[PDB]
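For reference, the structure discussed in these notes is given below.
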Amino acid sequence: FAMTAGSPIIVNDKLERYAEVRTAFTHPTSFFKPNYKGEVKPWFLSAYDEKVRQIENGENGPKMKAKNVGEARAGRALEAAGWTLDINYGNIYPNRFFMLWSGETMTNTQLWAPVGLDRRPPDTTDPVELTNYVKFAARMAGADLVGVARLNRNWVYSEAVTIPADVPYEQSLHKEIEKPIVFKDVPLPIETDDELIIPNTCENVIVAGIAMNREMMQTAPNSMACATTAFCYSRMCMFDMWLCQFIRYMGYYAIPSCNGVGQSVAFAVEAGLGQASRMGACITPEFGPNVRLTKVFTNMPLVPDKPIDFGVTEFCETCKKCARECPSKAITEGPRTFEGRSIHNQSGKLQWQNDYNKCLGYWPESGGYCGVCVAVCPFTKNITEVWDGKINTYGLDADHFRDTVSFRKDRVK
Amino acid sequence: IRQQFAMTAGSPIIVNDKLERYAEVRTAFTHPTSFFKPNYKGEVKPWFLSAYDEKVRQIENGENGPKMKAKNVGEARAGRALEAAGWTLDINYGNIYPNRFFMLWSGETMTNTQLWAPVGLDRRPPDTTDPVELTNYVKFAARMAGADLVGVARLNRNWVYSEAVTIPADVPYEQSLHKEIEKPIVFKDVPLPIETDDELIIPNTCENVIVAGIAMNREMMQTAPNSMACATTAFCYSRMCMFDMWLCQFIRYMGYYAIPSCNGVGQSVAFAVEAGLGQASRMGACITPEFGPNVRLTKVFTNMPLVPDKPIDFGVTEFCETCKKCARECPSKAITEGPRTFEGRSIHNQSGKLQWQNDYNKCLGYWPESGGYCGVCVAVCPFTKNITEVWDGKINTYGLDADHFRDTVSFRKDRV
Ligand SMILES: Oc1c(Cl)cc(Cl)cc1Cl
Ligand SMILES: Oc1c(Cl)cc(Cl)cc1Cl
Ligand code: SF4
Ligand code: SF4
Ligand code: SF4
Ligand code: SF4
């Protein structure tokens, strides 16, 4: 489908769109992991067993002794709660639950129907004004970072993981299917029984960074690192809906995504949020790798942001600290290559190729989402002290929040 | 500052033997005698549909508020698009129906609770019962959940509506605004919060209310009664919803029960004054030291053992006594200039507590006229301190301000 003009990502002729089912989370060869008694479950139920084992043993992480059982119970209570606004870890099913590709059935849209903002032709078509408007709205909607790229279809999954439109939530995990994402000359995003169809007019992607909390993430791989993670996933989801509603009420269409539809790191790099790293995350100037990503696709005319260079590639060439502290040795200590390390990597793009089945393998063992690489990364800079220590709204840091102040001069040039 | 002005314990709200609990249906939004308002053409409609007509006409005429011209139709349109989108996570302006949609009184049905079922966090009895430790856990959770301010108070049932506006549980959303009913809120010796066909039953073990302040954006609010004050208001209603759900789940995963409310179930201002977030003012809001009245409230009710905070006293009553600025700026002359009394001006007030008594039907009346939620009182109040410049000016995450965001940093010392 061809690269966007000016993409920083180096690719070759082997590049092919990547089927979502191949992530270590969903793929048949990775999805099953031993629990701490040797039974092979879905990886996240094995992880559930370790989470309960730790609570019964007064631990906050793998052999990390908590103050008492009550503190161990509290960290997992806070992490479970964090996921409140997220379906089945990642909101990946397109046009289901919170990820509707059309706003028409939404309660919010129905309440506002007499105004008809979603039916009224745009009053603004100038991309400069629109970029400013949508970025203001993106920050209201909880983004700490927001960039705009031209949509590069190489990062959009060839097929999505989803459930059929008639499967209730309580059977969803047992009925996940694959479904192609195709681009057609259609007026609006539409889903048929056969296809998820993105219009050919869907020209831009808006990428949002959702800042995690450094104190909690520095506890990786233990429970409070899980908590700052889970809370950001619900913020991503609020963001996607807020922003998608705004764009529709401006007279355009918007596709939400969270962890679905496409690969966030590639979009974020192309939208100027940061650079790809050895660990594989987007490293951002404001938060390093310790930030979540979500994205919204739209036909709204916009000004694309310039990709940014602050030396991450060269730094990662000489650093290797995530690789050394990775508990599963998933992160390569070697050069970037074009050839994926296993099924889980998309071949054809120059990157540090890491073994993500080894990464996922450490989650049931540790009972968490690890994140040790993010915590030890130099761009990112006990559990009782966290609970008793500094906190602020949404886990944002006052001592840092000045850096994400935005004036129109920072939103559009 | 907050410690310098701590009162001794006991509700700061002065009452007399007349005070009775208040039926929610009496608010100016819901009561049959105030619900209808004329649109600019003179047609009588539900207040929000007349206000809708004003919104459409202002866009069409390139305005951001009542005969306030916008830079162009496009800017007028953008402001209303931002307003409408802010409300995404809110049902019918306030989430008032208890145990419906986002305000579920139990967590068992929620998708998050189902996903986490195998760990069983909400079946496991509490591993912590010490109220000091729990106050610190739930406050830290509350800040993670989007509260800028969080307080704890013993639940005062005077401020709990005697009957709630709600909808039958099997009514689809499209029909909800035509099928609102009343339903009593009663306290009984039951283990869990429970809804029957006839009652909303809060257990007698529901000892406490956790009150959350959710800060609005000062630049946008200072554009009141125009569209951008409506947008910071709308976005904070969705934050209040997410707060309620986040915190309720945390409390349940800690092994207690939790009731969310947003604008339903009871009177947020009274709870906030008793929880120590601020004091009542002439306009009738809770004025906080960090934000003035420019903050929204929501609350969660729980049997979780907690340490009540102290009510606050930083001179607001004395100041409002001689200020009268909101009363003079109020476009509908809704705010009284006189002394506080125990008798409300109309059905919309709850008599029996000493307060400034305002005409809230005059207030609602100005919302269809101006096409917004006004807020001139909040914006002009000294404790709080064009739209093209706002759109091009300072913004940060969630509309919060870096220059003041240090004021809400919290450590254990501050929480319990
Ligand atoms: O991205 C995540 C997903 Cl999809 C699932 C889990 Cl359990 C954790 C994380 Cl950090
Ligand atoms: O508090 C509000 C309610 Cl209940 C309804 C609307 Cl439409 C606006 C506001 Cl600011
Ligand atoms: S999350 Fe943990 S296991 Fe996975 S790559 Fe990073 S450090 Fe290694
Ligand atoms: S720890 Fe070092 S090599 Fe790894 S991503 Fe961070 S800077 Fe790059
Ligand atoms: S919102 Fe406006 S009309 Fe209502 S009391 Fe305040 S100033 Fe008066
Ligand atoms: S404007 Fe003056 S009288 Fe009105 S609430 Fe604020 S301080 Fe009190």
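Please note that chains go A, B, ... in the order of the structure tokens, that every chain numbers its residues from 1, and that ligands are numbered from 1 in the order shown.
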Residues at most 6 Å from ligand 6, using only C-alpha atoms and all ligand atoms? Could they come as number ranges by chain? B: 281-283, 319-320, 323-326, 381-382
Just N, CA and C atoms for this one: save the residues we selected as a PDB file, in the first residue's frame.
ATOM      1  N   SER B 281     -21.308  29.237  49.692  1.00  0.00           N
ATOM      2  CA  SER B 281     -21.155  30.635  49.329  1.00  0.00           C
ATOM      3  C   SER B 281     -22.515  31.263  49.071  1.00  0.00           C
ATOM      4  N   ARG B 282     -22.493  32.552  48.748  1.00  0.00           N
ATOM      5  CA  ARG B 282     -23.734  33.218  48.369  1.00  0.00           C
ATOM      6  C   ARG B 282     -24.349  32.597  47.110  1.00  0.00           C
ATOM      7  N   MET B 283     -23.543  32.321  46.083  1.00  0.00           N
ATOM      8  CA  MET B 283     -24.124  31.703  44.890  1.00  0.00           C
ATOM      9  C   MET B 283     -24.722  30.325  45.181  1.00  0.00           C
ATOM     10  N   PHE B 319     -16.791  36.764  53.910  1.00  0.00           N
ATOM     11  CA  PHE B 319     -16.528  37.434  52.640  1.00  0.00           C
ATOM     12  C   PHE B 319     -17.805  37.585  51.814  1.00  0.00           C
ATOM     13  N   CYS B 320     -18.547  36.486  51.629  1.00  0.00           N
ATOM     14  CA  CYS B 320     -19.793  36.544  50.867  1.00  0.00           C
ATOM     15  C   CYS B 320     -20.774  37.529  51.474  1.00  0.00           C
ATOM     16  N   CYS B 323     -19.709  40.761  49.873  1.00  0.00           N
ATOM     17  CA  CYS B 323     -19.190  40.792  48.502  1.00  0.00           C
ATOM     18  C   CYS B 323     -20.291  41.112  47.495  1.00  0.00           C
ATOM     19  N   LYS B 324     -21.220  40.175  47.298  1.00  0.00           N
ATOM     20  CA  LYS B 324     -22.390  40.333  46.433  1.00  0.00           C
ATOM     21  C   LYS B 324     -22.047  40.462  44.946  1.00  0.00           C
ATOM     22  N   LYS B 325     -20.849  40.051  44.516  1.00  0.00           N
ATOM     23  CA  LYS B 325     -20.485  40.239  43.112  1.00  0.00           C
ATOM     24  C   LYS B 325     -21.268  39.298  42.191  1.00  0.00           C
ATOM     25  N   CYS B 326     -21.406  38.026  42.556  1.00  0.00           N
ATOM     26  CA  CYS B 326     -22.169  37.131  41.694  1.00  0.00           C
ATOM     27  C   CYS B 326     -23.610  37.599  41.569  1.00  0.00           C
ATOM     28  N   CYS B 381     -16.509  35.237  40.513  1.00  0.00           N
ATOM     29  CA  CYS B 381     -16.250  35.121  41.948  1.00  0.00           C
ATOM     30  C   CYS B 381     -14.767  35.331  42.256  1.00  0.00           C
ATOM     31  N   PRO B 382     -14.419  36.202  43.210  1.00  0.00           N
ATOM     32  CA  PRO B 382     -12.989  36.462  43.456  1.00  0.00           C
ATOM     33  C   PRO B 382     -12.216  35.222  43.839  1.00  0.00           C
TER      34      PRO B 382
END
Within 6 Å of ligand 5, which residues of chain B come that close, and what is the closest atom pair and distance in Å for each? Count only C-alpha atoms and all ligand atoms and give it as a tab-separated table.
residue	atom	partner	partner_atom_place_in_ligand_line	distance
B:330	CA	ligand 5	7 (S)	3.6
B:331	CA	ligand 5	3 (S)	5.2
B:332	CA	ligand 5	3 (S)	4.9
B:334	CA	ligand 5	5 (S)	5.2
B:335	CA	ligand 5	5 (S)	5.7
B:363	CA	ligand 5	4 (Fe)	3.9
B:366	CA	ligand 5	3 (S)	5.6
B:374	CA	ligand 5	2 (Fe)	4.5
B:375	CA	ligand 5	1 (S)	4.0
B:376	CA	ligand 5	7 (S)	4.2
B:377	CA	ligand 5	7 (S)	4.0
Residue subset to file, keeping N, CA, C and O atoms, as a PDB file, in the first residue's frame:
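Contents of result13.pdb, freshly written:
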ATOM      1  N   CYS B 330     -25.218  38.333  37.874  1.00  0.00           N
ATOM      2  CA  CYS B 330     -26.054  37.220  37.462  1.00  0.00           C
ATOM      3  C   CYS B 330     -27.077  37.651  36.413  1.00  0.00           C
ATOM      4  O   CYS B 330     -27.928  38.509  36.703  1.00  0.00           O
ATOM      5  N   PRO B 331     -27.029  37.100  35.198  1.00  0.00           N
ATOM      6  CA  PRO B 331     -27.908  37.601  34.120  1.00  0.00           C
ATOM      7  C   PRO B 331     -29.397  37.457  34.401  1.00  0.00           C
ATOM      8  O   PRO B 331     -30.203  38.102  33.734  1.00  0.00           O
ATOM      9  N   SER B 332     -29.798  36.645  35.370  1.00  0.00           N
ATOM     10  CA  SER B 332     -31.211  36.404  35.623  1.00  0.00           C
ATOM     11  C   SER B 332     -31.648  36.871  37.007  1.00  0.00           C
ATOM     12  O   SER B 332     -32.786  36.598  37.417  1.00  0.00           O
ATOM     13  N   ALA B 334     -30.923  35.704  39.840  1.00  0.00           N
ATOM     14  CA  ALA B 334     -31.282  34.506  40.602  1.00  0.00           C
ATOM     15  C   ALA B 334     -30.706  34.489  42.012  1.00  0.00           C
ATOM     16  O   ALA B 334     -31.270  33.836  42.892  1.00  0.00           O
ATOM     17  N   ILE B 335     -29.575  35.159  42.228  1.00  0.00           N
ATOM     18  CA  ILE B 335     -28.811  35.085  43.467  1.00  0.00           C
ATOM     19  C   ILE B 335     -29.229  36.228  44.378  1.00  0.00           C
ATOM     20  O   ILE B 335     -29.199  37.393  43.966  1.00  0.00           O
ATOM     21  N   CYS B 363     -32.652  31.076  37.413  1.00  0.00           N
ATOM     22  CA  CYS B 363     -31.405  30.600  36.819  1.00  0.00           C
ATOM     23  C   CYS B 363     -31.666  29.709  35.604  1.00  0.00           C
ATOM     24  O   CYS B 363     -31.162  29.978  34.503  1.00  0.00           O
ATOM     25  N   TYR B 366     -32.537  31.290  32.367  1.00  0.00           N
ATOM     26  CA  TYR B 366     -31.567  31.946  31.505  1.00  0.00           C
ATOM     27  C   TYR B 366     -30.798  30.945  30.635  1.00  0.00           C
ATOM     28  O   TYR B 366     -30.163  31.365  29.664  1.00  0.00           O
ATOM     29  N   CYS B 374     -24.538  28.942  31.393  1.00  0.00           N
ATOM     30  CA  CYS B 374     -24.118  30.183  32.030  1.00  0.00           C
ATOM     31  C   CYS B 374     -22.838  29.989  32.848  1.00  0.00           C
ATOM     32  O   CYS B 374     -21.778  29.737  32.280  1.00  0.00           O
ATOM     33  N   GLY B 375     -22.911  30.093  34.170  1.00  0.00           N
ATOM     34  CA  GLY B 375     -21.721  30.102  34.991  1.00  0.00           C
ATOM     35  C   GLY B 375     -21.089  31.464  35.218  1.00  0.00           C
ATOM     36  O   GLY B 375     -19.942  31.521  35.692  1.00  0.00           O
ATOM     37  N   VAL B 376     -21.792  32.565  34.896  1.00  0.00           N
ATOM     38  CA  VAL B 376     -21.254  33.905  35.156  1.00  0.00           C
ATOM     39  C   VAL B 376     -20.870  34.044  36.627  1.00  0.00           C
ATOM     40  O   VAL B 376     -19.802  34.577  36.954  1.00  0.00           O
ATOM     41  N   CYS B 377     -21.690  33.498  37.532  1.00  0.00           N
ATOM     42  CA  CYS B 377     -21.369  33.567  38.966  1.00  0.00           C
ATOM     43  C   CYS B 377     -20.010  32.942  39.266  1.00  0.00           C
ATOM     44  O   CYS B 377     -19.148  33.584  39.874  1.00  0.00           O
TER      45      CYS B 377
END
Using only C-alpha atoms, which protein or nucleic acid residues come within 10 Å of residue B:69? Drop anything in the same chain fewer than 4 positions from it, and give the result as a ChimeraX atom specification. /B:58-59,61-65,73,75-76,386-387
Using only C-alpha atoms and all ligand atoms, which residues have at least one atom no more than 9 Å from ligand 1? Output them as a PyMOL selection string. chain A and resi 25+44+47+88-92+226+229-230+233+259+363+368-371
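Here the question is which of B:24, B:180, B:407, B:343 gets nearest to ligand 2 using only C-alpha atoms and all ligand atoms, and that residue is B:24.
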Could you list, as a PyMOL selection string, all the residues within 10 Å of ligand 3, counting only C-alpha atoms and all ligand atoms? chain A and resi 220-221+278-281+321-332+354-363+366+368-377
Do you know which residues are at most 8 Å from residue A:208 counting only C-alpha atoms, after dropping those on the same chain fewer than 6 positions away, and could you put them as a PyMOL selection string? chain A and resi 138+143-147+268+293-295
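Contacts with ligand 2 are defined as any residue atom within 6 Å of a ligand atom, using only C-alpha atoms and all ligand atoms; the residues meeting this criterion are residues 93, 94, 233 and 373 of chain B.
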Output file for the residues above (C-alpha atoms, as a PDB file, in the first residue's frame):
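See result-v5.pdb below for the written result:
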ATOM      1  CA  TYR B  93     -26.865  15.664  31.836  1.00  0.00           C
ATOM      2  CA  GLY B  94     -25.635  14.439  35.210  1.00  0.00           C
ATOM      3  CA  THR B 233     -18.366  21.904  32.227  1.00  0.00           C
ATOM      4  CA  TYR B 373     -25.121  26.586  31.218  1.00  0.00           C
TER       5      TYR B 373
END
As a ChimeraX atom specification, please: every residue in stretch 222-359 of chain A that a backbone DSSP assignment puts in alpha helix (DSSP H). /A:223-249,264-270,312-319,321-325,356-359
Just list the residues in stretch 280-378 of chain A DSSP gives strand (DSSP E or B) on the backbone, as a list in words. residues 282, 283, 284, 288, 291, 292, 293, 294, 295, 296, 297, 298, 337, 349 and 351 of chain A
Neighbour list for residue B:145 as a PyMOL selection string, cut-off 7 Å, only C-alpha atoms, skip fewer than 2 positions in-chain: (chain A and resi 394) or (chain B and resi 141-143+147+243+246-247)
Could you list, as a PyMOL selection string, every residue within 12 Å of residue B:170, counting only C-alpha atoms and ignoring same-chain residues fewer than 2 positions away? chain B and resi 99-101+166-168+172-176+179+197
Any idea what the distance is between atom CA of residue A:238 and atom CA of residue B:88? 8.5 Å
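Using only C-alpha atoms, the shortest contact distance between chain A and any of B:196, B:357, B:322, B:135 is found at B:135.
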Find the spatial neighbours of residue B:126, counting only C-alpha atoms, within a cut-off of 12 Å - ignore same-chain residues fewer than 2 positions away - and output them as a PDB file with N, CA, C and O atoms, in the first residue's frame.
ATOM      1  N   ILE A  55      -0.991 -12.459  46.672  1.00  0.00           N
ATOM      2  CA  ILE A  55      -1.829 -11.862  47.703  1.00  0.00           C
ATOM      3  C   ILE A  55      -1.861 -12.752  48.934  1.00  0.00           C
ATOM      4  O   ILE A  55      -1.634 -12.296  50.060  1.00  0.00           O
ATOM      5  N   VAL A  69      -0.382  -8.421  53.974  1.00  0.00           N
ATOM      6  CA  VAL A  69      -1.292  -8.897  52.936  1.00  0.00           C
ATOM      7  C   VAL A  69      -2.168  -7.752  52.448  1.00  0.00           C
ATOM      8  O   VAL A  69      -2.413  -7.604  51.241  1.00  0.00           O
ATOM      9  N   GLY A  70      -2.615  -6.902  53.386  1.00  0.00           N
ATOM     10  CA  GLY A  70      -3.462  -5.775  53.039  1.00  0.00           C
ATOM     11  C   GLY A  70      -2.854  -4.882  51.978  1.00  0.00           C
ATOM     12  O   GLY A  70      -3.548  -4.433  51.065  1.00  0.00           O
ATOM     13  N   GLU A  71      -1.542  -4.628  52.061  1.00  0.00           N
ATOM     14  CA  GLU A  71      -0.909  -3.816  51.025  1.00  0.00           C
ATOM     15  C   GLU A  71      -0.806  -4.589  49.718  1.00  0.00           C
ATOM     16  O   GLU A  71      -0.924  -3.999  48.636  1.00  0.00           O
ATOM     17  N   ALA A  72      -0.592  -5.911  49.791  1.00  0.00           N
ATOM     18  CA  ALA A  72      -0.559  -6.705  48.566  1.00  0.00           C
ATOM     19  C   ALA A  72      -1.922  -6.718  47.900  1.00  0.00           C
ATOM     20  O   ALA A  72      -2.025  -6.589  46.671  1.00  0.00           O
ATOM     21  N   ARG A  73      -2.976  -6.878  48.704  1.00  0.00           N
ATOM     22  CA  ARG A  73      -4.340  -6.831  48.194  1.00  0.00           C
ATOM     23  C   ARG A  73      -4.642  -5.486  47.537  1.00  0.00           C
ATOM     24  O   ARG A  73      -5.355  -5.422  46.528  1.00  0.00           O
ATOM     25  N   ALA A  74      -4.095  -4.399  48.087  1.00  0.00           N
ATOM     26  CA  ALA A  74      -4.455  -3.061  47.616  1.00  0.00           C
ATOM     27  C   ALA A  74      -3.870  -2.777  46.239  1.00  0.00           C
ATOM     28  O   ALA A  74      -4.501  -2.098  45.420  1.00  0.00           O
ATOM     29  N   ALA A  77      -6.037  -4.556  43.780  1.00  0.00           N
ATOM     30  CA  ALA A  77      -7.320  -3.872  43.713  1.00  0.00           C
ATOM     31  C   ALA A  77      -7.210  -2.634  42.819  1.00  0.00           C
ATOM     32  O   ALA A  77      -8.023  -2.440  41.911  1.00  0.00           O
TER      33      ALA A  77
ATOM     34  N   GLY B 120     -11.116 -12.896  41.848  1.00  0.00           N
ATOM     35  CA  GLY B 120     -12.105 -12.792  42.902  1.00  0.00           C
ATOM     36  C   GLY B 120     -11.931 -11.662  43.891  1.00  0.00           C
ATOM     37  O   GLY B 120     -12.283 -11.820  45.074  1.00  0.00           O
ATOM     38  N   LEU B 121     -11.434 -10.509  43.439  1.00  0.00           N
ATOM     39  CA  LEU B 121     -11.103  -9.447  44.382  1.00  0.00           C
ATOM     40  C   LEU B 121     -12.330  -8.961  45.150  1.00  0.00           C
ATOM     41  O   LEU B 121     -12.217  -8.534  46.307  1.00  0.00           O
ATOM     42  N   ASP B 122     -13.501  -9.036  44.555  1.00  0.00           N
ATOM     43  CA  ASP B 122     -14.689  -8.476  45.185  1.00  0.00           C
ATOM     44  C   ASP B 122     -15.499  -9.509  45.947  1.00  0.00           C
ATOM     45  O   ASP B 122     -16.577  -9.181  46.453  1.00  0.00           O
ATOM     46  N   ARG B 123     -15.033 -10.760  45.977  1.00  0.00           N
ATOM     47  CA  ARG B 123     -15.568 -11.777  46.864  1.00  0.00           C
ATOM     48  C   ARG B 123     -14.669 -11.999  48.056  1.00  0.00           C
ATOM     49  O   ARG B 123     -15.113 -12.549  49.066  1.00  0.00           O
ATOM     50  N   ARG B 124     -13.422 -11.622  47.940  1.00  0.00           N
ATOM     51  CA  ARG B 124     -12.502 -11.837  49.027  1.00  0.00           C
ATOM     52  C   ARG B 124     -12.821 -10.839  50.129  1.00  0.00           C
ATOM     53  O   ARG B 124     -12.968  -9.642  49.851  1.00  0.00           O
ATOM     54  N   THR B 128      -7.823  -5.362  54.761  1.00  0.00           N
ATOM     55  CA  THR B 128      -7.514  -4.209  55.586  1.00  0.00           C
ATOM     56  C   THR B 128      -8.806  -3.695  56.186  1.00  0.00           C
ATOM     57  O   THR B 128      -9.789  -3.500  55.465  1.00  0.00           O
ATOM     58  N   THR B 129      -8.823  -3.521  57.505  1.00  0.00           N
ATOM     59  CA  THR B 129      -9.953  -2.877  58.147  1.00  0.00           C
ATOM     60  C   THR B 129      -9.566  -1.634  58.929  1.00  0.00           C
ATOM     61  O   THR B 129     -10.461  -0.891  59.343  1.00  0.00           O
ATOM     62  N   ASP B 130      -8.281  -1.369  59.095  1.00  0.00           N
ATOM     63  CA  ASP B 130      -7.834  -0.169  59.782  1.00  0.00           C
ATOM     64  C   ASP B 130      -8.259   1.054  58.971  1.00  0.00           C
ATOM     65  O   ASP B 130      -7.801   1.222  57.838  1.00  0.00           O
ATOM     66  N   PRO B 131      -9.077   1.948  59.529  1.00  0.00           N
ATOM     67  CA  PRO B 131      -9.577   3.080  58.726  1.00  0.00           C
ATOM     68  C   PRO B 131      -8.500   4.069  58.289  1.00  0.00           C
ATOM     69  O   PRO B 131      -8.686   4.741  57.267  1.00  0.00           O
ATOM     70  N   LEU B 134      -6.881   2.647  55.147  1.00  0.00           N
ATOM     71  CA  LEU B 134      -7.820   2.672  54.030  1.00  0.00           C
ATOM     72  C   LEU B 134      -8.051   4.093  53.533  1.00  0.00           C
ATOM     73  O   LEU B 134      -8.188   4.310  52.324  1.00  0.00           O
ATOM     74  N   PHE B 250     -12.373   0.132  42.764  1.00  0.00           N
ATOM     75  CA  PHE B 250     -11.266  -0.026  43.694  1.00  0.00           C
ATOM     76  C   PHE B 250     -11.791  -0.455  45.055  1.00  0.00           C
ATOM     77  O   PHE B 250     -11.316  -1.438  45.646  1.00  0.00           O
ATOM     78  N   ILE B 251     -12.802   0.257  45.543  1.00  0.00           N
ATOM     79  CA  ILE B 251     -13.390  -0.036  46.838  1.00  0.00           C
ATOM     80  C   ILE B 251     -13.944  -1.455  46.872  1.00  0.00           C
ATOM     81  O   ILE B 251     -13.821  -2.158  47.888  1.00  0.00           O
ATOM     82  N   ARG B 252     -14.554  -1.912  45.763  1.00  0.00           N
ATOM     83  CA  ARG B 252     -15.116  -3.266  45.754  1.00  0.00           C
ATOM     84  C   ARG B 252     -14.044  -4.326  45.694  1.00  0.00           C
ATOM     85  O   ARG B 252     -14.167  -5.368  46.349  1.00  0.00           O
ATOM     86  N   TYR B 253     -13.002  -4.092  44.889  1.00  0.00           N
ATOM     87  CA  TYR B 253     -11.841  -4.967  44.841  1.00  0.00           C
ATOM     88  C   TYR B 253     -11.075  -4.973  46.160  1.00  0.00           C
ATOM     89  O   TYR B 253     -10.288  -5.902  46.410  1.00  0.00           O
ATOM     90  N   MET B 254     -11.297  -3.965  47.008  1.00  0.00           N
ATOM     91  CA  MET B 254     -10.830  -3.983  48.389  1.00  0.00           C
ATOM     92  C   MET B 254     -11.777  -4.727  49.318  1.00  0.00           C
ATOM     93  O   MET B 254     -11.472  -4.857  50.506  1.00  0.00           O
ATOM     94  N   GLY B 255     -12.916  -5.200  48.815  1.00  0.00           N
ATOM     95  CA  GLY B 255     -13.792  -6.047  49.592  1.00  0.00           C
ATOM     96  C   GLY B 255     -14.885  -5.347  50.359  1.00  0.00           C
ATOM     97  O   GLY B 255     -15.411  -5.928  51.317  1.00  0.00           O
ATOM     98  N   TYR B 256     -15.226  -4.113  49.995  1.00  0.00           N
ATOM     99  CA  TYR B 256     -16.379  -3.403  50.538  1.00  0.00           C
ATOM    100  C   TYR B 256     -17.368  -3.163  49.397  1.00  0.00           C
ATOM    101  O   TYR B 256     -17.164  -3.633  48.271  1.00  0.00           O
ATOM    102  N   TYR B 257     -18.437  -2.417  49.677  1.00  0.00           N
ATOM    103  CA  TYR B 257     -19.340  -2.015  48.608  1.00  0.00           C
ATOM    104  C   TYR B 257     -19.248  -0.510  48.354  1.00  0.00           C
ATOM    105  O   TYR B 257     -18.802   0.268  49.204  1.00  0.00           O
ATOM    106  N   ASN B 303     -19.383   1.581  52.881  1.00  0.00           N
ATOM    107  CA  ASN B 303     -19.181   1.073  54.233  1.00  0.00           C
ATOM    108  C   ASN B 303     -17.705   0.921  54.593  1.00  0.00           C
ATOM    109  O   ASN B 303     -17.398   0.523  55.724  1.00  0.00           O
ATOM    110  N   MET B 304     -16.798   1.198  53.660  1.00  0.00           N
ATOM    111  CA  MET B 304     -15.379   1.116  53.958  1.00  0.00           C
ATOM    112  C   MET B 304     -15.046   1.989  55.166  1.00  0.00           C
ATOM    113  O   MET B 304     -15.420   3.173  55.189  1.00  0.00           O
ATOM    114  N   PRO B 305     -14.362   1.452  56.185  1.00  0.00           N
ATOM    115  CA  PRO B 305     -13.964   2.289  57.323  1.00  0.00           C
ATOM    116  C   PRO B 305     -12.972   3.363  56.885  1.00  0.00           C
ATOM    117  O   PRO B 305     -12.014   3.094  56.151  1.00  0.00           O
TER     118      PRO B 305
END
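Distance check against ligand 4 using only C-alpha atoms and all ligand atoms: of A:183, A:231, A:338, A:287, the minimum falls on A:287.
Using only C-alpha atoms and all ligand atoms, the smallest distance between any of A:228, A:318, A:54, A:46 and ligand 4 comes from A:318.
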